[PDB]
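In: how would this look folded up:
(chains A, B, C and D, ligands or ions: 10)
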Amino acid sequence: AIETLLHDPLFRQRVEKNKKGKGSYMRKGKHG
Amino acid sequence: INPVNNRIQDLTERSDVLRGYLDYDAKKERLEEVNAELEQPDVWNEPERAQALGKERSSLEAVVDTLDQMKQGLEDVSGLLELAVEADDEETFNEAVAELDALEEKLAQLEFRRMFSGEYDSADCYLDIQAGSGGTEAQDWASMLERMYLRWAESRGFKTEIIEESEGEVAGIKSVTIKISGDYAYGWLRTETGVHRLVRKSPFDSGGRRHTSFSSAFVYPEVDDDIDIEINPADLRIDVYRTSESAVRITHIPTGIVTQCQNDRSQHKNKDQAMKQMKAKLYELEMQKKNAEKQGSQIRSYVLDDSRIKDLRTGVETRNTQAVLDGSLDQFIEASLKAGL
Amino acid sequence: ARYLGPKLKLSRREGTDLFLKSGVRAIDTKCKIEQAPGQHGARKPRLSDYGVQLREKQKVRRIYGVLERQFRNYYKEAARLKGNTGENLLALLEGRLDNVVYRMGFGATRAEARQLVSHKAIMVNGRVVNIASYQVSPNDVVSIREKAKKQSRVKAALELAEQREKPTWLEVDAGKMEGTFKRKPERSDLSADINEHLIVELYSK
RNA sequence: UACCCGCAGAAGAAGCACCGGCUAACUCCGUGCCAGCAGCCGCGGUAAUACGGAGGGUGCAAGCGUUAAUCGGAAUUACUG
Ligand SMILES: [Mg+2]
Ligand SMILES: [Mg+2]
Ligand SMILES: [Mg+2]
Ligand SMILES: [Mg+2]
Ligand SMILES: [Mg+2]
Ligand SMILES: [Mg+2]
Ligand SMILES: [Mg+2]
Ligand SMILES: [Mg+2]
Ligand SMILES: [Mg+2]
Ligand SMILES: [Mg+2]
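Out: Residues are numbered from 1 along each chain as shown, chains lettered A, B, ... in the order given. Ligands and ions are numbered 1, 2, ... in the order given. Provided below are the atomic coordinates:
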């Protein structure tokens, strides 16, 4: 059961959200 | 003489290290009790038990005895050296220089023995690299991993061969089976089973976003013609498909795990190969089960942006990422072996 | 049931002098009275609407040495009573026996006064009263009892008081060590810096 | 028994929650989309006032937090409205 192990959401391709580029815009910063 | 001098201390140090690794005190204790038991005449009345006891004792003695010898041999060598120094004679000096080598060799041998505890470490094995879910990136990562492993094999002096390869449409590989061949291959590679986390900025992506991909490697030794268990003809399914007619996939129903082969030219050859692979896999699974009875899957994280590779379980970091990629992974593997996971 | 910790820290936090020490030695000499406590003292964050009110409340509570539940109760009582609420609350606070004693000058500090009260020193109409939270009514004579009359601390306290500004609403004798609570004080008799209104507001949210 | 008088000596007697915003209280260290947090918005992918520890602070206090449950805020069934 290796293929199933690879399948699990645990190992789904994450992509880091942008800070300056396309998804840059944050309505409210981490602090005020 | 300087090299000789260096060698005396170094050997001692390594012996010390070995002893520490062993945790010899416990062993000694075991031997003691066992010895006592042996000495008692009532143990030999029941034969099998007695035999078992005997078996237990000797190994314990021998490991411990070997250690003792090393301790003592080293001391003797040192004494000899001292004598040589005191009495300006060439022959004595020469003797001092020489005798140490043998001890060192012995120590090395012992260490090797310690390392490769499992029964099938000596035999050749089947590396199996399956790419992640992600997409193209995952495939690419898988391909890279494969490349790394092959280079490592080459460095070692291992004969590699691609049993199966499935390619990714854009780039990289979907999955790949590799047969490595040589002395004690599985003993090295069995540690490197598991998931490998690549973390880098994706060139296949249009934007410069930072992607996190995975790929499993899975290693199993070749156990053909030695092992008694065989696959049930009803549970075994054969299947044929096109090369990229020739290739053959095998499927096992109870466990629900498959193995394939496309390297051979005719069908018969392929099928046999598949069968061989499958049985090996089964054996591996059985042994794993046994281990479990006796008694997350991610093993390494290659972070190419920040330029650090860190084996998770062992806890060894390196910044020469490129080097590692090129097949300089020996370091990780040896650490893993030492750990004994 | 009491704040036992550092007294000047509280004062620092407040901003002002809370009179939590005897007044022999000026508060600036004992502590950095301007700079708030802790590692982040020099920084002065802009304080919120809620926050200022809270601070004010604390100040008053700190001054008198009253914990929160009691304070709340007092506030409630004030509200119940006829007339201006904040003023009423203030009056109630004043009325406390320990506070009265302090005013008279038998305790250097309010804490001292409280201690004295606890330790059966203060007779109120000839009957020993031990409760610091006891409300001293109009025309209630309140005195040191003969046993505690000899204590050097009491005389020191008196001396200190004599340096301090005297309250109009009491009448105390240094020789006899007995004072008459003549009338509950008007708001004008108390300190102007206390914004009772803020406190009132706070207890209505 | 309450209450009172005498005896000794600071002696026998302080914790819990929180500190991104709402919400009073901020910094350093470790980890690095993990481990974990979370009431909502959210935080964490190697300079985290949001995780864990420390120092510092804030709020309550012989209690302090969590959970449950009711009204409130909800003019969000509005008779008032
Ligand atoms: Mg109480
Ligand atoms: Mg009123
Ligand atoms: Mg704030
Ligand atoms: Mg928390
Ligand atoms: Mg760090
Ligand atoms: Mg940090
Ligand atoms: Mg960050
Ligand atoms: Mg923190
Ligand atoms: Mg509700
Ligand atoms: Mg309603």
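In: if I look at residue B:123, how far off is ligand 2?
Out: 93 Å (C-beta to the ion, to the nearest Å). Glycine gets a C-beta too; all of them are placed from N, C-alpha and C.
In: That residue - how many residues pack around it?
Out: For residue B:123, the count of nearby residues is 19 (other C-beta atoms under 10 Å in any protein chain shown).
In: what kind of secondary structure is residue A:19 in?
Out: coil (DSSP: H, G, I helix; E, B strand; the rest coil).
In: same check, this time on the one 5 residues further on
Out: Here residue A:24 is recorded as coil under three-state DSSP.
In: these two touch, right, it and residue A:17?
Out: No: using C-beta atoms under 8 Å as the test, residue A:24 is too far from residue A:17 to be in contact (9.3 Å).
In: Enumerate every residue touching the residue lying closest to residue C:97 once chain neighbours are set aside.
Out: Closest residue in space to residue C:97, ignoring its immediate chain neighbours: residue C:134 at 4.0 Å, by C-beta to C-beta, 6 or more residues apart in numbering or on different chains. By C-beta atoms under 8 Å, 6 or more residues apart in numbering or on different chains, the contact set of residue C:134 is C:96-97, C:117, C:124.
In: And residue C:63, by the same measure?
Out: C:18-19, C:110.
In: downstream neighbour of the helix or strand containing it in the secondary structure list?
Out: Assessed by DSSP states H and E, residue C:63 sits inside helix C:49-64. On the C-terminal side of helix C:49-64, the closest following helix or strand by DSSP H and E is helix C:68-80.
In: Burial check on residue 6, number of neighbours?
Out: The chain I'm using is chain A. Residue A:6 has 21 nearby residues by other C-beta under 10 Å.
In: meant chain B, my bad for not saying
Out: Around residue B:6 there are 10 residues (other C-beta under 10 Å).
In: Angles on the backbone of it, please.
Out: Note on residue B:6: its backbone torsions stand at phi -60, psi -50 [degrees, to the nearest 10].
In: And residue A:24, by the same measure?
Out: Dihedral pair for residue A:24: phi -30, psi -60, per degrees, to the nearest 10.
In: What is the neighbour count of it?
Out: For residue A:24, using other C-beta under 10 Å, the count is 9.
In: Report how many residues lie close to residue B:287.
Out: 16.
In: give me the element it is part of.
Out: helix B:267-294.
In: That helix packs against which elements?
Out: strand B:210-221, strand B:236-241, strand B:247-252, strand B:257-261 (3 or more C-beta pairs under 8 Å, 6 or more residues apart in numbering or on different chains; DSSP states H and E).
In: Between those, which one is closest to residue B:74.
Out: Set against residue B:74 and scored by C-beta to C-beta, these come closest in strand B:210-221, at 36.4 Å.
In: Would you mind naming what in chain A lies close to chain B?
Out: Residues of chain A that fall close to chain B, judged by C-beta under 8 Å from any C-beta of the partner chain: A:1-3, A:5-7, A:10-16, A:18, A:21-22.
In: please redo it, this time with the cut-off set to 7 Å
Out: Within chain A, the positions near chain B by C-beta under 7 Å from any C-beta of the partner chain are A:1-3, A:5-7, A:11-16, A:18, A:21-22.
In: From these, pick the one nearest ligand 2.
Out: Minimum distance to ligand 2 across the residues of chain A next to chain B is 58.3 Å, recorded for residue A:18 (C-beta to the ion).
In: So which residues of the stretch 51-200 of chain B form strands?
Out: For the stretch 51-200 of chain B, the strands defined by DSSP state E, counting those that start in this stretch cover B:125-131, B:159-167, B:173-181, B:194-201.
In: Mind telling me which residue of chain A is nearest chain B?
Out: Using C-beta to the nearest C-beta, residue A:13 is the residue of chain A that sits closest to chain B, at 3.1 Å.
In: How many neighbouring residues does that residue have?
Out: 17.
In: tell me the contacts of it?
Out: Listed by C-beta atoms under 7 Å, 6 or more residues apart in numbering or on different chains, the contact set of residue A:13 reads B:132-135, B:137-138, B:211-213.
In: what residues does chain A put near RNA strand D?
Out: Residues of chain A lying close to RNA strand D by C-beta under 7 Å from any atom of the strand are A:14-17, A:28, A:30-32.
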